[PDB]
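Every chain is named by a letter (A, B, C, D and E) in the order it is written, and numbering of its residues begins at 1.
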Amino acid sequence: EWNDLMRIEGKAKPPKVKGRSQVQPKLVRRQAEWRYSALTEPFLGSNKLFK
Amino acid sequence: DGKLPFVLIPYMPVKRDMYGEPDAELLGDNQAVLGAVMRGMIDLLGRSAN
Amino acid sequence: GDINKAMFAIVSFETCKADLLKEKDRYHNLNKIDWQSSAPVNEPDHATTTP
Amino acid sequence: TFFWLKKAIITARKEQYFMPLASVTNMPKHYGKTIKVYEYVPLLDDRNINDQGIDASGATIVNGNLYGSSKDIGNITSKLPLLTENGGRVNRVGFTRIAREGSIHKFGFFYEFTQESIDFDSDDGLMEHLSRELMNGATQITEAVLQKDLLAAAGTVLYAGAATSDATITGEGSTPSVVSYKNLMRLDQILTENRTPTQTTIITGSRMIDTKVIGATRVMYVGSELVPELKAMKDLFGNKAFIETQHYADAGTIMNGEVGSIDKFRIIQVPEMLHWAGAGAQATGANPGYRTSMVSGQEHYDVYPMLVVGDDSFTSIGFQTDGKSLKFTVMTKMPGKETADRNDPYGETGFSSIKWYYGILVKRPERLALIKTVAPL
Amino acid sequence: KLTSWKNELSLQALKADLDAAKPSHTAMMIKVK
């Protein structure tokens, strides 16, 4: 279900009508999008990984 | 070296997969809606008698 | 999900007869091939900028 | 709305047994669509019908070969090549060669889908599924066609019981047309006389109790309908004949889809095995229980293949177009705007199509053998 | 035979591998296009 919320599949998809829109902005994906590269960087800062 | 002589590089990694994703995935719908709005404004200005 | 774990890889490229004759001993059976049948225009799946 | 499990109950791909047997002979491009080979007959066979004959007397004779495949001692004595003290221009021989050929045909099929359908669909990954069933159907059809061609080009045919043609095959009478031990023994005799090479080797015994020795040197493919009859079959002295893979599982390698061993044949059950339906005498109310089928309102019996393939019998022609596809060229075009039919805007209705070339060459048809029979319910 | 190996690949094996792997690649190229 959490992956369903992030990727907009399953129940996360909006209902379909012929004469109306099907746009859903992605909040969870964005919130995680800064968190990823916020967290990854300390492990890639130097040539040596273990001290 | 003894390996396959190819080097593979992803832009946006997808967890547990070879390939990557560009940023068009996130932007296609916004591009369409913005284009529609701009066309509407040009229609207002162009059709009216001046 | 790892390129190193792959068992095989296949790549297609354009080449002329002079390139093959550059290293003669590496290649065999050059005479049997017909060049007209295998050309960039005849093979459609190959994607190129050649007119 | 409900809570779908998102598991996609799917059915796997049915196995194929005849196709791995067949070797593939490539057809080079720019050469037409036919393949031919020579066959050189021996000196002493009846197929050597030539005119270069001079008998030991010194006169011309019709038969170029000394004597045919005949084994009569008197005929051999009459037709021996003899020589004299001052021999010259007495015995002459002749040779011939025979050509064989096979050609190629074309198959293919597509399907259509729409943009609305592909996206608004509840299940995601639909096109992956549709591609999967497309490929499965293609492989199944390839197998069916190859099996049909092999069944049609069989060389040696043994009708079970006392029948003479498919029409004479019947399940009612003094002698019903079913398999018996003598038929298998005769088929072995014929195949040995045809010089067909053996496939398997004799199985000697193990040291564990109840294990039974098996001597079988050929592989026989039968359907699922005939297996109960093969199980109930009894040998000449009334004992059980079908020896299950149970007993010789030790000290032997059990092939795929093998039910058991009988006489000299290692039975290999094949799931998708074809059978002519409604080809036999008209069934009556005295049907002991054998399968029947409807033909133009009147019932008829069913004939079943029971086939064995010998080595070097045939090779399957193949045509590799382009240089990237060994058969099965696949195209898919998504229902975009440019992909709509030119008279229809709002791009929709993409499709996917596959096509392939198939053909078969029968090098020697004497090695293929076939026993027609009726199958019980 | 081009080489002296006991077991040699032959062209059918390679092309079979290519046609086995091709369906996934064909699906992937749709997204890039």
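The rule we apply is simple: a contact is a pair of C-beta atoms (placed from the backbone, for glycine too) under 8 Å apart; a residue touches a chain by one contact, two chains touch by 3 or more.
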For chain D and chain E, chains touching each: C
Relative to chain A, chain with the most remote C-alpha centre: D
Geometric centre distance via CA averages, chain E-chain C, whole Å: 14
Chain centre separation (chain A, chain B; CA means) in Å: 16
Separation of chain A from chain E, taking each centre as the mean of its C-alpha atoms, in whole Å: 35
Chain centre separation (chain B, chain D; CA means) in Å: 55
Residue list for chain D, restricted to those that touch at least two other chains: 324-325
Pairs of chains, among all present, that meet the touch criterion: A-B, A-D, B-C, C-D, C-E, D-E
Residue ranges of chain B in contact with chain C within the complex: 3-4, 6, 8, 16-18
Interfacial residue positions of chain C with respect to chain D in the complex: 12, 34, 37-38, 43-46
Touching residues (chain side chain E, partner chain D) in the complex: 12, 15-16, 18-19, 22-23, 26-27, 30
Of chain A, residues touching chain D in the complex: 9-11, 16
Interfacial residue positions of chain D with respect to chain C in the complex: 29-30, 322-325
